[PDB]
$ cat target-v3.pdb   # PDB, C-alpha atoms (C1' of nucleotides) and all ligand atoms
ATOM      1  CA  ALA A   2     173.153 -33.809 202.161
ATOM      2  CA  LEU A   3     172.554 -32.250 198.753
ATOM      3  CA  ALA A   4     170.860 -35.585 198.150
ATOM      4  CA  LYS A   5     168.004 -34.258 200.294
ATOM      5  CA  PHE A   6     167.310 -31.429 197.830
ATOM      6  CA  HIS A   7     166.057 -31.222 194.248
ATOM      7  CA  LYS A   8     168.496 -28.556 193.036
ATOM      8  CA  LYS A   9     171.451 -29.903 195.014
ATOM      9  CA  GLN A  10     173.362 -26.968 193.487
ATOM     10  CA  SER A  11     173.247 -24.407 196.311
ATOM     11  CA  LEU A  12     172.060 -24.531 199.932
ATOM     12  CA  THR A  13     171.866 -21.893 202.678
ATOM     13  CA  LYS A  14     173.240 -22.374 206.193
ATOM     14  CA  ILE A  15     169.670 -23.185 207.147
ATOM     15  CA  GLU A  16     169.410 -25.793 204.370
ATOM     16  CA  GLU A  17     172.818 -27.232 205.262
ATOM     17  CA  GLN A  18     171.494 -27.587 208.804
ATOM     18  CA  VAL A  19     168.261 -29.323 207.817
ATOM     19  CA  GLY A  20     170.059 -31.580 205.332
ATOM     20  CA  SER A  21     172.573 -32.665 207.963
ATOM     21  CA  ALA A  22     169.668 -33.219 210.364
ATOM     22  CA  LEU A  23     167.795 -35.571 208.025
ATOM     23  CA  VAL A  24     171.113 -37.345 207.500
ATOM     24  CA  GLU A  25     171.576 -37.781 211.261
ATOM     25  CA  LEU A  26     168.033 -39.161 211.465
ATOM     26  CA  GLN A  27     168.150 -41.570 208.518
ATOM     27  CA  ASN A  28     171.172 -42.905 210.384
ATOM     28  CA  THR A  29     169.840 -42.976 213.976
ATOM     29  CA  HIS A  30     166.252 -44.127 213.755
ATOM     30  CA  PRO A  31     165.102 -47.391 212.100
ATOM     31  CA  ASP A  32     161.613 -45.965 212.629
ATOM     32  CA  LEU A  33     162.021 -43.330 209.963
ATOM     33  CA  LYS A  34     164.189 -45.312 207.527
ATOM     34  CA  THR A  35     161.691 -45.738 204.683
ATOM     35  CA  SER A  36     160.143 -42.336 205.305
ATOM     36  CA  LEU A  37     163.425 -40.434 205.077
ATOM     37  CA  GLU A  38     164.386 -42.580 202.085
ATOM     38  CA  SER A  39     161.456 -41.156 200.179
ATOM     39  CA  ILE A  40     161.611 -37.530 201.366
ATOM     40  CA  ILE A  41     163.301 -34.979 199.129
ATOM     41  CA  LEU A  42     163.201 -31.288 199.950
ATOM     42  CA  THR A  43     162.730 -28.407 197.551
ATOM     43  CA  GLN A  44     163.262 -25.363 199.684
ATOM     44  CA  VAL A  45     163.711 -24.266 203.275
ATOM     45  CA  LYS A  46     162.707 -20.854 204.569
ATOM     46  CA  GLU A  47     163.615 -19.411 207.931
ATOM     47  CA  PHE A  48     161.453 -16.966 209.873
ATOM     48  CA  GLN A  49     161.876 -14.705 212.864
ATOM     49  CA  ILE A  50     158.876 -14.298 215.129
ATOM     50  CA  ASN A  51     158.981 -11.324 217.486
ATOM     51  CA  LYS A  52     156.056 -10.744 219.814
ATOM     52  CA  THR A  53     155.102  -8.742 222.909
ATOM     53  CA  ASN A  54     156.610 -11.617 224.915
ATOM     54  CA  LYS A  55     159.994 -10.103 224.060
ATOM     55  CA  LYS A  56     160.730 -13.667 222.965
ATOM     56  CA  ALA A  57     162.295 -13.746 219.523
ATOM     57  CA  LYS A  58     161.636 -17.257 218.286
ATOM     58  CA  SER A  59     163.268 -18.758 215.224
ATOM     59  CA  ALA A  60     160.882 -20.923 213.194
ATOM     60  CA  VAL A  61     161.734 -23.114 210.199
ATOM     61  CA  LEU A  62     159.436 -23.927 207.272
ATOM     62  CA  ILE A  63     160.617 -26.849 205.176
ATOM     63  CA  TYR A  64     159.158 -27.642 201.748
ATOM     64  CA  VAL A  65     158.745 -31.316 200.907
ATOM     65  CA  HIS A  66     158.684 -32.183 197.206
ATOM     66  CA  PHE A  67     155.186 -33.243 196.207
ATOM     67  CA  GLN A  68     155.914 -36.934 195.628
ATOM     68  CA  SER A  69     157.200 -37.296 199.207
ATOM     69  CA  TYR A  70     153.982 -35.756 200.581
ATOM     70  CA  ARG A  71     152.015 -38.950 201.410
ATOM     71  CA  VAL A  72     155.030 -40.402 203.241
ATOM     72  CA  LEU A  73     155.601 -37.066 205.022
ATOM     73  CA  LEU A  74     152.028 -36.919 206.304
ATOM     74  CA  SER A  75     152.474 -40.522 207.437
ATOM     75  CA  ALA A  76     155.642 -39.648 209.416
ATOM     76  CA  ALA A  77     154.621 -36.161 210.604
ATOM     77  CA  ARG A  78     154.471 -36.469 214.420
ATOM     78  CA  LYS A  79     157.671 -38.490 214.846
ATOM     79  CA  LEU A  80     159.404 -36.209 212.369
ATOM     80  CA  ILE A  81     158.532 -32.790 213.815
ATOM     81  CA  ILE A  82     159.194 -34.156 217.303
ATOM     82  CA  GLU A  83     162.738 -35.282 216.427
ATOM     83  CA  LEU A  84     163.556 -32.204 214.311
ATOM     84  CA  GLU A  85     162.471 -29.809 217.070
ATOM     85  CA  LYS A  86     165.085 -31.664 219.094
ATOM     86  CA  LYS A  87     167.903 -31.442 216.551
ATOM     87  CA  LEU A  88     167.619 -27.651 216.207
ATOM     88  CA  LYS A  89     166.692 -25.184 218.958
ATOM     89  CA  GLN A  90     163.806 -23.863 216.844
ATOM     90  CA  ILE A  91     160.401 -25.235 215.823
ATOM     91  CA  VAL A  92     159.662 -26.829 212.442
ATOM     92  CA  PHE A  93     156.852 -26.883 209.886
ATOM     93  CA  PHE A  94     156.357 -28.826 206.658
ATOM     94  CA  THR A  95     154.561 -27.937 203.423
ATOM     95  CA  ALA A  96     154.205 -29.377 199.930
ATOM     96  CA  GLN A  97     155.950 -27.398 197.203
ATOM     97  CA  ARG A  98     153.019 -25.946 195.278
ATOM     98  CA  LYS A  99     152.869 -24.206 191.912
ATOM     99  CA  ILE A 100     150.261 -21.534 191.202
ATOM    100  CA  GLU A 101     148.895 -21.022 187.692
ATOM    101  CA  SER A 102     147.825 -17.467 186.809
ATOM    102  CA  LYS A 103     144.198 -16.576 186.099
ATOM    103  CA  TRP A 104     144.408 -14.677 182.791
ATOM    104  CA  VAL A 105     147.726 -15.791 181.350
ATOM    105  CA  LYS A 106     146.825 -19.166 179.942
ATOM    106  CA  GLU A 107     150.023 -20.375 178.366
ATOM    107  CA  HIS A 108     148.871 -23.309 176.235
ATOM    108  CA  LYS A 109     145.579 -23.533 174.347
ATOM    109  CA  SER A 110     145.138 -27.171 175.365
ATOM    110  CA  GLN A 111     145.874 -26.875 179.086
ATOM    111  CA  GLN A 112     143.066 -26.156 181.540
ATOM    112  CA  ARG A 113     144.525 -24.849 184.782
ATOM    113  CA  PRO A 114     143.388 -27.452 187.353
ATOM    114  CA  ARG A 115     141.937 -26.023 190.552
ATOM    115  CA  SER A 116     144.514 -27.990 192.557
ATOM    116  CA  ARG A 117     146.875 -25.146 191.758
ATOM    117  CA  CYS A 118     145.009 -21.940 192.377
ATOM    118  CA  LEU A 119     145.932 -19.004 194.563
ATOM    119  CA  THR A 120     143.241 -19.771 197.117
ATOM    120  CA  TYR A 121     143.305 -23.571 197.207
ATOM    121  CA  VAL A 122     147.088 -23.596 197.522
ATOM    122  CA  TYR A 123     147.144 -20.985 200.303
ATOM    123  CA  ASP A 124     144.453 -22.927 202.226
ATOM    124  CA  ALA A 125     146.434 -26.127 201.796
ATOM    125  CA  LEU A 126     149.409 -24.268 203.283
ATOM    126  CA  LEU A 127     147.331 -23.648 206.393
ATOM    127  CA  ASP A 128     146.379 -27.345 206.532
ATOM    128  CA  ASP A 129     150.126 -28.097 206.499
ATOM    129  CA  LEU A 130     150.934 -25.443 209.093
ATOM    130  CA  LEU A 131     148.742 -27.346 211.522
ATOM    131  CA  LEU A 132     150.115 -30.612 210.195
ATOM    132  CA  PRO A 133     149.962 -33.084 213.049
ATOM    133  CA  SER A 134     146.370 -31.956 213.738
ATOM    134  CA  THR A 135     143.421 -30.802 211.586
ATOM    135  CA  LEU A 136     140.826 -28.010 211.411
ATOM    136  CA  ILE A 137     137.647 -28.778 213.329
ATOM    137  CA  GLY A 138     136.102 -25.716 211.733
ATOM    138  CA  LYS A 139     136.888 -22.517 209.854
ATOM    139  CA  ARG A 140     135.064 -19.198 209.727
ATOM    140  CA  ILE A 141     135.684 -15.859 208.030
ATOM    141  CA  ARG A 142     134.799 -12.514 209.580
ATOM    142  CA  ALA A 143     134.119  -9.256 207.792
ATOM    143  CA  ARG A 144     135.035  -6.297 209.944
ATOM    144  CA  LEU A 145     133.237  -2.993 209.436
ATOM    145  CA  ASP A 146     136.099  -1.352 207.548
ATOM    146  CA  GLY A 147     136.293  -4.164 205.000
ATOM    147  CA  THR A 148     139.183  -6.161 206.423
ATOM    148  CA  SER A 149     138.695  -9.896 206.096
ATOM    149  CA  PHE A 150     139.659 -11.975 209.123
ATOM    150  CA  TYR A 151     140.099 -15.738 209.666
ATOM    151  CA  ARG A 152     139.385 -17.724 212.784
ATOM    152  CA  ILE A 153     139.871 -21.428 213.153
ATOM    153  CA  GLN A 154     138.499 -24.031 215.509
ATOM    154  CA  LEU A 155     140.858 -26.681 216.795
ATOM    155  CA  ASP A 156     140.670 -30.058 218.508
ATOM    156  CA  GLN A 157     141.022 -29.705 222.273
ATOM    157  CA  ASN A 158     143.285 -32.755 222.549
ATOM    158  CA  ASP A 159     146.021 -31.203 220.394
ATOM    159  CA  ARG A 160     146.491 -28.144 222.606
ATOM    160  CA  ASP A 161     149.785 -29.591 223.881
ATOM    161  CA  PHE A 162     151.267 -29.669 220.440
ATOM    162  CA  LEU A 163     149.835 -26.505 218.957
ATOM    163  CA  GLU A 164     149.822 -23.923 221.761
ATOM    164  CA  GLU A 165     153.130 -22.131 221.240
ATOM    165  CA  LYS A 166     153.144 -22.739 217.480
ATOM    166  CA  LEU A 167     150.134 -20.439 217.033
ATOM    167  CA  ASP A 168     152.112 -17.186 216.883
ATOM    168  CA  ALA A 169     154.592 -18.747 214.466
ATOM    169  CA  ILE A 170     151.737 -19.911 212.244
ATOM    170  CA  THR A 171     150.066 -16.490 212.187
ATOM    171  CA  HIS A 172     153.415 -14.878 211.328
ATOM    172  CA  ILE A 173     154.109 -17.356 208.514
ATOM    173  CA  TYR A 174     150.566 -17.119 207.142
ATOM    174  CA  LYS A 175     150.474 -13.324 207.386
ATOM    175  CA  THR A 176     153.783 -13.348 205.461
ATOM    176  CA  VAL A 177     153.217 -15.846 202.622
ATOM    177  CA  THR A 178     149.414 -15.834 202.432
ATOM    178  CA  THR A 179     148.640 -12.195 203.416
ATOM    179  CA  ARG A 180     145.967 -13.491 205.802
ATOM    180  CA  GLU A 181     145.003 -12.714 209.381
ATOM    181  CA  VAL A 182     144.433 -15.991 211.209
ATOM    182  CA  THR A 183     143.004 -16.531 214.682
ATOM    183  CA  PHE A 184     142.501 -19.775 216.557
ATOM    184  CA  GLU A 185     140.086 -21.313 219.027
ATOM    185  CA  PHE A 186     140.089 -24.594 220.885
ATOM    186  CA  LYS A 187     136.773 -26.328 221.235
ATOM    187  CA  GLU A 188     136.109 -29.928 222.124
ATOM    188  CA  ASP A 189     135.475 -32.039 219.066
ATOM    189  CA  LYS A 190     131.762 -32.612 219.279
ATOM    190  CA  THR A 191     130.618 -35.986 218.034
ATOM    191  CA  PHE A 192     126.882 -36.557 217.926
ATOM    192  CA  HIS A 193     126.289 -40.112 218.994
ATOM    193  CA  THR A 194     123.303 -42.162 219.902
ATOM    194  CA  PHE A 195     124.806 -44.150 222.729
ATOM    195  CA  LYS A 196     122.803 -46.881 224.383
ATOM    196  CA  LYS A 197     123.404 -46.808 228.121
TER     197      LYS A 197
ATOM    198  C1'   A B   1      85.114  29.588 177.152
ATOM    199  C1'   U B   2      85.568  34.019 174.067
ATOM    200  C1'   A B   3      86.473  36.103 167.698
ATOM    201  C1'   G B   4      85.275  32.229 168.339
ATOM    202  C1'   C B   5      81.914  28.368 170.469
ATOM    203  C1'   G B   6      78.488  24.055 169.997
ATOM    204  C1'   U B   7      77.684  18.933 167.742
ATOM    205  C1'   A B   8      78.917  14.015 165.275
ATOM    206  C1'   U B   9      82.712  10.346 164.290
ATOM    207  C1'   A B  10      88.282   7.865 164.575
ATOM    208  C1'   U B  11      92.110   8.300 167.701
ATOM    209  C1'   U B  12      95.374  10.186 172.797
ATOM    210  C1'   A B  13      95.381  10.730 177.966
ATOM    211  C1'   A B  14      92.177   9.546 181.585
ATOM    212  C1'   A B  15      93.508   3.087 181.724
ATOM    213  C1'   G B  16      97.412  -0.281 187.144
ATOM    214  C1'   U B  17      90.043  -1.147 182.396
ATOM    215  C1'   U B  18      96.164  -4.989 177.958
ATOM    216  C1'   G B  19      99.857  -4.780 183.171
ATOM    217  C1'   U B  20     107.871  -5.117 180.374
ATOM    218  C1'   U B  21     107.882  -1.254 184.095
ATOM    219  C1'   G B  22     102.335  -2.725 186.081
ATOM    220  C1'   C B  23      96.643  -5.655 186.724
ATOM    221  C1'   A B  24      93.642  -9.523 188.050
ATOM    222  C1'   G B  25      92.124 -15.545 188.468
ATOM    223  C1'   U B  26      88.935 -19.160 196.961
ATOM    224  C1'   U B  27      83.574 -16.387 196.581
ATOM    225  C1'   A B  28      83.192 -10.290 191.828
ATOM    226  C1'   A B  29      85.280 -12.709 184.687
ATOM    227  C1'   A B  30      88.798 -15.965 185.242
ATOM    228  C1'   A B  31      94.172 -22.325 187.742
ATOM    229  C1'   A B  32      92.988 -26.907 182.259
ATOM    230  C1'   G B  33      89.857 -33.431 185.623
ATOM    231  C1'   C B  34      94.921 -35.667 185.981
ATOM    232  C1'   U B  35     100.022 -37.287 185.065
ATOM    233  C1'   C B  36     104.262 -38.062 181.251
ATOM    234  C1'   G B  37     106.779 -34.923 178.044
ATOM    235  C1'   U B  38     109.560 -32.383 172.939
ATOM    236  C1'   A B  39     109.988 -27.236 171.200
ATOM    237  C1'   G B  40     110.127 -22.676 174.371
ATOM    238  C1'   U B  41     111.451 -20.180 178.884
ATOM    239  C1'   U B  42     114.541 -21.211 183.407
ATOM    240  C1'   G B  43     118.687 -22.792 185.815
ATOM    241  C1'   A B  44     123.246 -24.637 192.885
ATOM    242  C1'   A B  45     128.334 -23.530 194.747
ATOM    243  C1'   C B  46     134.274 -23.207 193.732
ATOM    244  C1'   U B  47     139.547 -20.519 190.307
ATOM    245  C1'   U B  48     144.809 -13.963 191.580
ATOM    246  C1'   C B  49     141.041 -13.650 197.465
ATOM    247  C1'   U B  50     144.751 -10.294 199.470
ATOM    248  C1'   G B  51     148.636  -6.920 201.996
ATOM    249  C1'   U B  52     152.285  -3.366 201.097
ATOM    250  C1'   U B  53     154.287   0.962 198.382
ATOM    251  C1'   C B  54     154.493   5.182 194.904
ATOM    252  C1'   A B  55     151.989   8.663 191.756
ATOM    253  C1'   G B  56     148.056  11.150 189.543
ATOM    254  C1'   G B  57     143.881  13.514 189.392
ATOM    255  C1'   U B  58     138.481  13.507 191.364
ATOM    256  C1'   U B  59     135.109  13.789 194.908
ATOM    257  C1'   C B  60     134.430  14.577 200.581
ATOM    258  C1'   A B  61     134.797  17.033 204.897
ATOM    259  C1'   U B  62     136.706  20.919 207.691
ATOM    260  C1'   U B  63     138.221  23.834 215.518
ATOM    261  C1'   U B  64     143.919  24.183 208.066
ATOM    262  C1'   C B  65     144.974  28.262 206.298
ATOM    263  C1'   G B  66     145.182  31.684 203.080
ATOM    264  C1'   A B  67     144.013  35.042 198.113
ATOM    265  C1'   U B  68     140.861  37.886 196.348
ATOM    266  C1'   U B  69     134.842  39.015 196.262
ATOM    267  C1'   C B  70     130.003  39.007 195.815
ATOM    268  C1'   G B  71     132.429  34.074 195.146
ATOM    269  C1'   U B  72     135.969  31.149 192.556
ATOM    270  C1'   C B  73     141.363  29.877 193.122
ATOM    271  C1'   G B  74     145.284  28.338 195.817
ATOM    272  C1'   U B  75     146.860  25.418 200.087
ATOM    273  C1'   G B  76     146.550  22.224 203.846
ATOM    274  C1'   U B  77     145.620  17.952 206.378
ATOM    275  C1'   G B  78     143.390  13.852 206.730
ATOM    276  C1'   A B  79     138.924  10.743 204.824
ATOM    277  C1'   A B  80     137.451   7.927 200.652
ATOM    278  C1'   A B  81     136.229   5.649 195.508
ATOM    279  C1'   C B  82     139.158   5.450 192.104
ATOM    280  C1'   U B  83     142.892   5.290 187.872
TER     281        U B  83
HETATM  282 MG    MG C 201      78.649 -17.562 191.021
HETATM  283 MG    MG C 202     125.364 -19.598 188.191
END

$ encode --input "target-v3.pdb" --output "structure tokens" --more "lines below"
Ligand SMILES: [Mg+2]
Ligand SMILES: [Mg+2]
Amino acid sequence: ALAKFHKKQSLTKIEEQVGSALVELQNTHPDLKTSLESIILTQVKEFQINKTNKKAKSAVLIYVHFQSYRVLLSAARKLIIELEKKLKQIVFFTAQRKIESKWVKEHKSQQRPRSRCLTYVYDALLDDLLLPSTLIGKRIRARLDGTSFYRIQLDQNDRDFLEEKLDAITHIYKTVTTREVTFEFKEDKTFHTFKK
RNA sequence: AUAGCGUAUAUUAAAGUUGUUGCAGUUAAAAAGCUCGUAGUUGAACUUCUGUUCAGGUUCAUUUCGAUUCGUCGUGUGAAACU
């Protein structure tokens, strides 16, 4: 299952595990055939989440190569559902994203596109951390000391999926992104003129 | 006022009575009869945010302490904004 990676050269126990998983799946499910055909992985990181629960929960973040992204997003629910089954942890997916530095412009003729920027990329990471669902809203809080703070408003209907994942997400985001993230569930409010 | 003191004239403050700071324009002087428009002046938001760690001063405070004196130094400790 080095076929599932871009380096193929070296893989951790964790990456051996995920590779073998995606193998097992491309074999079992005709559902995911095409989707797992097109998905190549760059990287896999593992995380340990320890909370006041005394529950130490292993959580896995897997990095899809950018060209597999559309297909990944198409297969997301089925995929995370089956992968959470094949390992006793929970899974997340991201796109592998480069970041171009502000003041070191390497080539005279290349304008660093905003698609790769510290911010935009980090934000995108959040969008992926929630991946089956989406932000209903996002707000930033300034505390009195000068700490920035994030809090995010989420579709009611997706509570089932996202409830336990929250801690994992805040741990991951605090780690990679350096950001404090909070969540809320509201109902998605559509403003309709209904004719009764 | 005073070995000086009147007067005339230009100029300075008085003057926010030339106004960048800083004026006015319904009725005291003051918005052009009305639109288009070139020079001129004027221009929406986004890009390494951010946490951690070490040092160095510099300010800050003092139920930290000291040292001397007519008040500086040293030392805390923490607070910081740094670099
Ligand atoms: Mg009149
Ligand atoms: Mg501007």

$ atom_distance --input "target-v3.pdb" --atom1 "atom CA of residue A:133" --atom2 "atom CA of residue A:78"
5.8 Å

$ resolve_selection --input "target-v3.pdb" --expression "the PyMOL selection byres (((not hetatm)) within 9 of (chain C and resi 202))" --output "list in words"
residues 43, 44 and 45 of chain B

$ write_last_selection --input "target-v3.pdb" --atoms "C-alpha atoms (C1' of nucleotides)" --output "PDB file, in the frame of the given file"
ATOM      1  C1'   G B  43     118.687 -22.792 185.815  1.00  0.00           C
ATOM      2  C1'   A B  44     123.246 -24.637 192.885  1.00  0.00           C
ATOM      3  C1'   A B  45     128.334 -23.530 194.747  1.00  0.00           C
TER       4        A B  45
END

$ resolve_selection --input "target-v3.pdb" --expression "the PyMOL selection byres ((chain A) within 10 of (chain B))" --output "PyMOL selection string"
chain A and resi 100-104+113-121+123+148-149+175-176+178-180

$ resolve_selection --input "target-v3.pdb" --expression "the PyMOL selection byres (((chain A and resi 25-30) around 12) and not hetatm)" --output "MDAnalysis selection string"
chainID A and resid 2 5 18:24 31:40 79:84 86:88

$ write_last_selection --input "target-v3.pdb" --atoms "C-alpha atoms" --output "PDB file, in the coordinates of the input"
ATOM      1  CA  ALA A   2     173.153 -33.809 202.161  1.00  0.00           C
ATOM      2  CA  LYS A   5     168.004 -34.258 200.294  1.00  0.00           C
ATOM      3  CA  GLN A  18     171.494 -27.587 208.804  1.00  0.00           C
ATOM      4  CA  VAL A  19     168.261 -29.323 207.817  1.00  0.00           C
ATOM      5  CA  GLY A  20     170.059 -31.580 205.332  1.00  0.00           C
ATOM      6  CA  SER A  21     172.573 -32.665 207.963  1.00  0.00           C
ATOM      7  CA  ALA A  22     169.668 -33.219 210.364  1.00  0.00           C
ATOM      8  CA  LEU A  23     167.795 -35.571 208.025  1.00  0.00           C
ATOM      9  CA  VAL A  24     171.113 -37.345 207.500  1.00  0.00           C
ATOM     10  CA  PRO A  31     165.102 -47.391 212.100  1.00  0.00           C
ATOM     11  CA  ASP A  32     161.613 -45.965 212.629  1.00  0.00           C
ATOM     12  CA  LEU A  33     162.021 -43.330 209.963  1.00  0.00           C
ATOM     13  CA  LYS A  34     164.189 -45.312 207.527  1.00  0.00           C
ATOM     14  CA  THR A  35     161.691 -45.738 204.683  1.00  0.00           C
ATOM     15  CA  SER A  36     160.143 -42.336 205.305  1.00  0.00           C
ATOM     16  CA  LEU A  37     163.425 -40.434 205.077  1.00  0.00           C
ATOM     17  CA  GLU A  38     164.386 -42.580 202.085  1.00  0.00           C
ATOM     18  CA  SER A  39     161.456 -41.156 200.179  1.00  0.00           C
ATOM     19  CA  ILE A  40     161.611 -37.530 201.366  1.00  0.00           C
ATOM     20  CA  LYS A  79     157.671 -38.490 214.846  1.00  0.00           C
ATOM     21  CA  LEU A  80     159.404 -36.209 212.369  1.00  0.00           C
ATOM     22  CA  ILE A  81     158.532 -32.790 213.815  1.00  0.00           C
ATOM     23  CA  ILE A  82     159.194 -34.156 217.303  1.00  0.00           C
ATOM     24  CA  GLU A  83     162.738 -35.282 216.427  1.00  0.00           C
ATOM     25  CA  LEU A  84     163.556 -32.204 214.311  1.00  0.00           C
ATOM     26  CA  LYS A  86     165.085 -31.664 219.094  1.00  0.00           C
ATOM     27  CA  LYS A  87     167.903 -31.442 216.551  1.00  0.00           C
ATOM     28  CA  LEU A  88     167.619 -27.651 216.207  1.00  0.00           C
TER      29      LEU A  88
END

$ closest_residue --input "target-v3.pdb" --among "B:4, B:78, B:9, B:20" --to "residue B:64" --atoms "all atoms listed in the file"
B:78

$ residues_around --input "target-v3.pdb" --residues "stretch 154-170 of chain A" --least-positions-apart "4" --cutoff "6 Å" --atoms "only C-alpha atoms (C1' of nucleotides)" --output "ChimeraX atom specification"
/A:136-138,174,184-189

$ atom_distance --input "target-v3.pdb" --atom1 "atom CA of residue A:42" --atom2 "atom CA of residue A:66"
5.4 Å

$ build_atoms --input "target-v3.pdb" --residues "stretch 149-160 of chain A" --atoms "N, CA, C and O atoms" --output "PDB file, keeping the file's coordinate frame"
ATOM      1  N   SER A 149     139.025  -8.502 205.835  1.00  0.00           N
ATOM      2  CA  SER A 149     138.695  -9.896 206.096  1.00  0.00           C
ATOM      3  C   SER A 149     139.559 -10.446 207.232  1.00  0.00           C
ATOM      4  O   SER A 149     140.624  -9.910 207.536  1.00  0.00           O
ATOM      5  N   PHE A 150     139.071 -11.494 207.883  1.00  0.00           N
ATOM      6  CA  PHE A 150     139.659 -11.975 209.123  1.00  0.00           C
ATOM      7  C   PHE A 150     139.378 -13.479 209.164  1.00  0.00           C
ATOM      8  O   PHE A 150     138.292 -13.906 208.796  1.00  0.00           O
ATOM      9  N   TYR A 151     140.338 -14.293 209.588  1.00  0.00           N
ATOM     10  CA  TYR A 151     140.099 -15.738 209.666  1.00  0.00           C
ATOM     11  C   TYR A 151     140.106 -16.145 211.121  1.00  0.00           C
ATOM     12  O   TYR A 151     140.849 -15.584 211.921  1.00  0.00           O
ATOM     13  N   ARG A 152     139.271 -17.113 211.472  1.00  0.00           N
ATOM     14  CA  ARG A 152     139.385 -17.724 212.784  1.00  0.00           C
ATOM     15  C   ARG A 152     139.010 -19.197 212.711  1.00  0.00           C
ATOM     16  O   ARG A 152     138.031 -19.590 212.057  1.00  0.00           O
ATOM     17  N   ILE A 153     139.815 -20.001 213.392  1.00  0.00           N
ATOM     18  CA  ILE A 153     139.871 -21.428 213.153  1.00  0.00           C
ATOM     19  C   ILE A 153     139.716 -22.220 214.437  1.00  0.00           C
ATOM     20  O   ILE A 153     140.322 -21.910 215.463  1.00  0.00           O
ATOM     21  N   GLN A 154     138.900 -23.258 214.355  1.00  0.00           N
ATOM     22  CA  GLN A 154     138.499 -24.031 215.509  1.00  0.00           C
ATOM     23  C   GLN A 154     139.219 -25.367 215.526  1.00  0.00           C
ATOM     24  O   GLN A 154     139.175 -26.129 214.540  1.00  0.00           O
ATOM     25  N   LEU A 155     139.864 -25.629 216.664  1.00  0.00           N
ATOM     26  CA  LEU A 155     140.858 -26.681 216.795  1.00  0.00           C
ATOM     27  C   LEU A 155     140.526 -27.697 217.879  1.00  0.00           C
ATOM     28  O   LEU A 155     140.000 -27.353 218.942  1.00  0.00           O
ATOM     29  N   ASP A 156     140.863 -28.949 217.589  1.00  0.00           N
ATOM     30  CA  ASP A 156     140.670 -30.058 218.508  1.00  0.00           C
ATOM     31  C   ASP A 156     141.309 -29.746 219.855  1.00  0.00           C
ATOM     32  O   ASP A 156     142.456 -29.309 219.921  1.00  0.00           O
ATOM     33  N   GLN A 157     140.547 -29.956 220.922  1.00  0.00           N
ATOM     34  CA  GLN A 157     141.022 -29.705 222.273  1.00  0.00           C
ATOM     35  C   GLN A 157     142.293 -30.505 222.545  1.00  0.00           C
ATOM     36  O   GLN A 157     143.312 -29.957 222.980  1.00  0.00           O
ATOM     37  N   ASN A 158     142.229 -31.796 222.233  1.00  0.00           N
ATOM     38  CA  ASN A 158     143.285 -32.755 222.549  1.00  0.00           C
ATOM     39  C   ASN A 158     144.684 -32.376 222.056  1.00  0.00           C
ATOM     40  O   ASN A 158     145.687 -32.832 222.607  1.00  0.00           O
ATOM     41  N   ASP A 159     144.748 -31.546 221.020  1.00  0.00           N
ATOM     42  CA  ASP A 159     146.021 -31.203 220.394  1.00  0.00           C
ATOM     43  C   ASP A 159     146.634 -29.920 220.940  1.00  0.00           C
ATOM     44  O   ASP A 159     147.665 -29.458 220.435  1.00  0.00           O
ATOM     45  N   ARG A 160     146.002 -29.363 221.971  1.00  0.00           N
ATOM     46  CA  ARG A 160     146.491 -28.144 222.606  1.00  0.00           C
ATOM     47  C   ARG A 160     147.983 -28.249 222.889  1.00  0.00           C
ATOM     48  O   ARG A 160     148.749 -27.367 222.482  1.00  0.00           O
TER      49      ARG A 160
END
